[PDB]
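Here is what each chain is made of, one letter per residue.
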Amino acid sequence: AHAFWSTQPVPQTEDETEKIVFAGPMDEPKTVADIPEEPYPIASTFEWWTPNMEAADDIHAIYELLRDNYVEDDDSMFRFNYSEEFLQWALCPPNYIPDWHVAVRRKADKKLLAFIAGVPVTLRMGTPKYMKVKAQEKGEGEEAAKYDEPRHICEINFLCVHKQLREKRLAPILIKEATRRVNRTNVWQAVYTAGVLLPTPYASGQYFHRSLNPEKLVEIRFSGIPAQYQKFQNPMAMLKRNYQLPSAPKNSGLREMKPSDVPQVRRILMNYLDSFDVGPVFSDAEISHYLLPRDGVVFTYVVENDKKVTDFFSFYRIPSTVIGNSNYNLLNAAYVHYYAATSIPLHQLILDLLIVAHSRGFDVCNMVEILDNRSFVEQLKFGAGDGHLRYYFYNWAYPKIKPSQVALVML
Ligand SMILES: CCCCCCCCCCCCCC(=O)SCCNC(=O)CCNC(=O)[C@H](O)C(C)(C)COP(=O)(O)OP(=O)(O)OC[C@H]1O[C@@H](n2cnc3c(N)ncnc32)[C@H](O)[C@@H]1OP(=O)(O)O
Ligand SMILES: COc1cccc(CC(=N)NC(=O)c2cc(Cl)ccc2OC2CCNCC2)c1
Ligand SMILES: [Mg+2]
């Protein structure tokens, strides 16, 4: 049933996943010297290409491939349109490895056919709490603790094959050549997400959405007017009213994050993320990169009412193309990114995320039920969607965890 994934170092079934009780590799690593420098074989009419994702024109080339060929909804009405500025931000964090950005080009016309990207991540990926207790109950704490220390691994995203080259087994070749480039740097695990089910997730969270401009969302067919609103004389006025928000934030001393806030934001974020089984560790440089505001890309605010940052939230922007609507070309979506609350309840913090996003022309706010995202869903009028983000590891056996024990936000 899986001609490629049955050949890879990942758990193959839920039955196998259930027997996993410690974190650790699926296959013990070889060494860099065991990995060839000759690139993986590719058809003589194609070639590997490493774009430079800090050079505007190479960013633009990958931007067009993804604009025209990256993820669509299931009814082909919307397609992600990640911006050029977002792509440079996502793929060039501190200490990134240019060789982990891998493309395929057709030699005759130089057409860009495919892309995949890795970036470094420092991840806590040791045995989860509930399995550490089971191990202690049996005298097996040492086996369960062996990989507790954060690991420097690869985060994969942006796999894309051009629509003309679909279903030709190009994706497995690109994944093998990315795996070779990562293993040549002595890294043997990766983490990745997908909205589709593959062998085999270690966690799965449902999508949630919070309408900010319901009239546009119903116009472009992201949403409908729900049945319950058809009982009113003006169903769309009632829907607008249900989703209406303040026009300015409610927390005193909310402001955009500044470079001087990086140490405090790091401290309160890392203390919060320790409560979860799987989560990133960020240096000052990585907090700077991933959370300082960037126009059109990442939005981050801190609560500092009395000269101390006590709370913060972030969100990132991905517009989607709307195929074929005469009123609108884009669906402008905000995605909940990292946050931490130490002085106010989380629903009070995230209400200001929704107010800032709506004020800035966002149409919807999206999130997965990771972190403590479930703790504000009903009061803030998020509703579950009909999709799930599944979390995977490459070459890492991991006991199944609930999505409220995941703290890695995917871009
Ligand atoms: C140590 C370092 C390790 C580094 C690498 C770690 C692993 C990283 C893994 C990648 C993480 C990516 C994270 C993201 O970016 S998730 C976003 C993925 N991108 C899209 O959905 C964009 C639109 N779709 C496409 O561009 C293509 O349909 C893709 C490229 C998805 C497949 O191209 P195509 O449709 O032309 O098919 P094929 O004939 O070439 O290949 C068929 C094989 O591909 C398997 N497939 C389908 N979808 C996915 C998917 N989302 N993750 C992994 N595998 C996937 C499929 O089960 C089949 O295998 P098997 O069922 O026969 O066994
Ligand atoms: C409606 O417009 C679209 C356009 C294209 C695709 C889709 C369906 C879809 N895949 N959603 C998501 O992935 C997603 C949904 C939510 Cl709640 C939260 C995060 C999501 O992902 C982010 C960005 C993509 N990397 C993984 C994390 C719908
Ligand atoms: Mg293919």
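The numbering scheme restarts from 1 for each chain and tracks the written sequence of that chain rather than necessarily the entry's numbering. Residues without coordinates are not displayed. Note on labels: chains are lettered from A, ligands numbered from 1, in written order. Calculated side-chain values reflect all of the structure's heavy atoms, with hydrogen atoms and water omitted.

1. So, the side chain of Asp-277
The secondary structure listing takes helices from DSSP runs of H or I that are at least 4 residues long and strands from runs of E that are at least 2 residues long, numbered from the N terminus. Turning to its location among the elements, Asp-277 is positioned in the loop between α9 (262–273) and β9 (279–280). Only protein chains enter the accessibility calculation, which uses a 1.4 Å probe. A residue is then buried if its area is under 20% of the maximum for its type, exposed if over 50%, and partly exposed in between. On the basis of relative accessible area, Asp-277 is assigned to the buried category, the value being 8%. Of note is the side chain of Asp-277, whose polar atom sits 2.8 Å from the side chain of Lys-129. The contact criterion used is simple: two residues touch if any of their non-hydrogen atoms lie within 4.5 Å. Once residues within four sequence positions are removed from consideration, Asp-277 is found in contact with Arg-124, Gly-126, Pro-128, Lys-129, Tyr-398, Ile-401 and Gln-405. Polar contact is defined as a pair of N or O atoms within 3.5 Å, subject to the rule that within protein one atom must be able to donate a hydrogen and the other to accept it, and that residues adjacent in sequence are counted only when both atoms are side-chain atoms.

2. Focus on the UniProt feature "domain: Glycylpeptide N-tetradecanoyltransferase N-terminal" (unreviewed entry) in the protein chain
UniProt positions are given in the numbering used here, feature names are shortened, and annotations may be inferred rather than shown by experiment. Taken from the UniProt record, the annotation "domain: Glycylpeptide N-tetradecanoyltransferase N-terminal" (unreviewed entry) applies to residues 26–203. Across residues 26–203, helical content stands at 28% and strand content at 24%; the span's end C-alpha atoms are separated by 17 Å.

3. A look at the side chain of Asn-395
As for its position among the elements, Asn-395 is in the segment after β14 (383–394). From its side chain, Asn-395 meets the backbone nitrogen of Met-26 in a polar contact 3.1 Å long. Polar side-chain contacts of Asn-395 include one of 3.1 Å to the backbone oxygen of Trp-188. Residues within four places of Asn-395 in sequence aside, it is in contact with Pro-9, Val-10, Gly-24, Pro-25, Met-26, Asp-27, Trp-188 and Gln-189.

4. Observations concerning the packing of aromatic side chains
Two aromatic rings, taken as a pair, are described by how far apart their centres are and by the angle between their planes. Stacked, tilted and edge-to-face pairs are distinguished by plane angle, under 30 degrees for stacked and over 60 for edge-to-face with tilted covering the rest, among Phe, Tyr and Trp rings (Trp via its six-membered ring) whose centres lie within 6.5 Å. In this structure the tally under the stated criterion is 30 aromatic pairs. Each ring, one from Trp-5 and one from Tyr-192, has its centre 6.0 Å from the other, and the planes form 20°; the classification is stacked. On the criterion of sequence distance, the pair formed by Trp-5 in the segment before α1 (14–19) and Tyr-192 in strand β6 (residues 190–194) is long-range, its members being 187 residues apart. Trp-5 gets classed as buried once you look at its relative accessible area, which sits at 13%. Judged by relative accessible area, which is 10%, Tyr-192 ranks as buried.

5. Focus: the site of ligand 1
When we say a residue is near a molecule or strand, we mean one of its heavy atoms is within 4 Å of it. Neighbouring residues of ligand 1: 33 residues in total, closest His-2, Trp-5, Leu-159, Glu-167 and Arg-169. Backbone polar atom of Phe-4 to an oxygen atom of ligand 1: 2.8 Å apart, as the coordinates give it. Between ligand 1 and the protein, one listed contact pairs an oxygen atom with a backbone N or O atom of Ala-171 at 2.8 Å. Surface accessibility follows the Shrake-Rupley procedure with a 1.4 Å probe radius. Residue values consider only the protein chains on display as shielding. Across the complex, the protein chains shield 88% of the 1200 Å² of accessible surface that ligand 1 would expose by itself. When residues of the shell around ligand 1 are traced back to their parent elements, those giving at least two are β5 (151–161), α6 (170–183) and β6. The biggest single contributor to the shell around ligand 1 is α6, with 7 residues. For the shell around ligand 1, the per-class residue count stands at 22 nonpolar, 7 polar and 4 charged. Throughout, the ten residues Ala, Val, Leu, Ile, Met, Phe, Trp, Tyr, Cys and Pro are labelled nonpolar, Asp, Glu, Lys and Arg are labelled charged, and all others, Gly among them, are labelled polar.

6. Some remarks on helix α8 (residues 235–243)
Among all positions of α8, only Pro-235, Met-236, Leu-239 and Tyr-243 are buried. The buried side chains of α8 occupy one side of the element, clustering within an arc of 95° when seen end-on. Next to the buried residues of α8 lie β7 (203–211) and α7 (214–219). The directions considered for the arc are those from the helix axis to the C-beta atoms.

7. What about helix α2 (residues 56–69)?
In a regular helix each residue adds 1.5 Å, so 14 residues correspond to 20 Å; α2 covers 20 Å between its end C-alpha atoms and thus fits that length. For α2, every residue scored as buried is listed here: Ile-59, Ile-62, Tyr-63, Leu-65, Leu-66 and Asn-69. Axial view of α2: buried residues confined to an arc of 165°, hence all on one face. Facing away from the buried side of α2 by over 90 degrees, the exposed positions are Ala-56 and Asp-57. Next to the buried residues of α2 lie β1 (46–49), β2 (78–80), α3 (84–91), β4 (112–124) and β5. Here a helix's expected span is defined as the number of its residues, less one, multiplied by 1.5 Å.

8. A few points about the site of ligand 2
Taken together, the neighbourhood of ligand 2 is formed by 20 residues, with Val-71, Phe-78, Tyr-82, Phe-208 and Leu-411 sitting nearest. The separation between a nitrogen atom of ligand 2 and a polar side-chain atom of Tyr-207 is 3.4 Å. With respect to ligand 2, the backbone of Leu-411 contributes an N or O atom lying 2.8 Å from a nitrogen atom. Calculation on ligand 2 without its partners gives an accessible area of 620 Å², and the protein chains cover 87% of this total. Secondary structure elements with two or more residues in the shell around ligand 2: β2, β7, β11 (311–322) and β13 (364–368). Class assignment for the residues of the shell around ligand 2 results in 15 nonpolar, 3 polar and 2 charged.

9. Side note on the pattern of salt bridges
In what follows, salt bridge is the name for a side-chain nitrogen of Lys or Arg lying within 4 Å of a carboxyl oxygen of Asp or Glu. Tallied over the full model, the rule gives 22 salt bridges. The shortest N-O distance in the salt bridge between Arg-105 and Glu-47 comes to 3.1 Å. Here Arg-105, found in strand β3 (residues 101–106), pairs with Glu-47, found in strand β1; they are 58 residues apart in sequence, far enough to count as distant. In this structure, the salt-bridge partner of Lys-107 is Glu-47, at a minimum N-O distance of 3.0 Å.

10. Examining the UniProt feature "binding site: Mg(2+)" (unreviewed entry) in the protein chain
When the UniProt feature table is mapped to this numbering, "binding site: Mg(2+)" (unreviewed entry) covers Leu-165. Tracing the chain through its elements places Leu-165 in the loop between β5 and α6. You can call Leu-165 buried: its relative accessible area is 9%.

11. Quick notes on the environment of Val-187
Residue position: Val-187 is located in the loop between α6 and β6. C-alpha separation for the pair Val-187 and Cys-154, spaced 33 residues apart in sequence, amounts to 7.2 Å. The contact partners of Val-187, leaving out residues within four places of it in the chain, are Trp-100, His-152, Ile-153, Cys-154 and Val-182.

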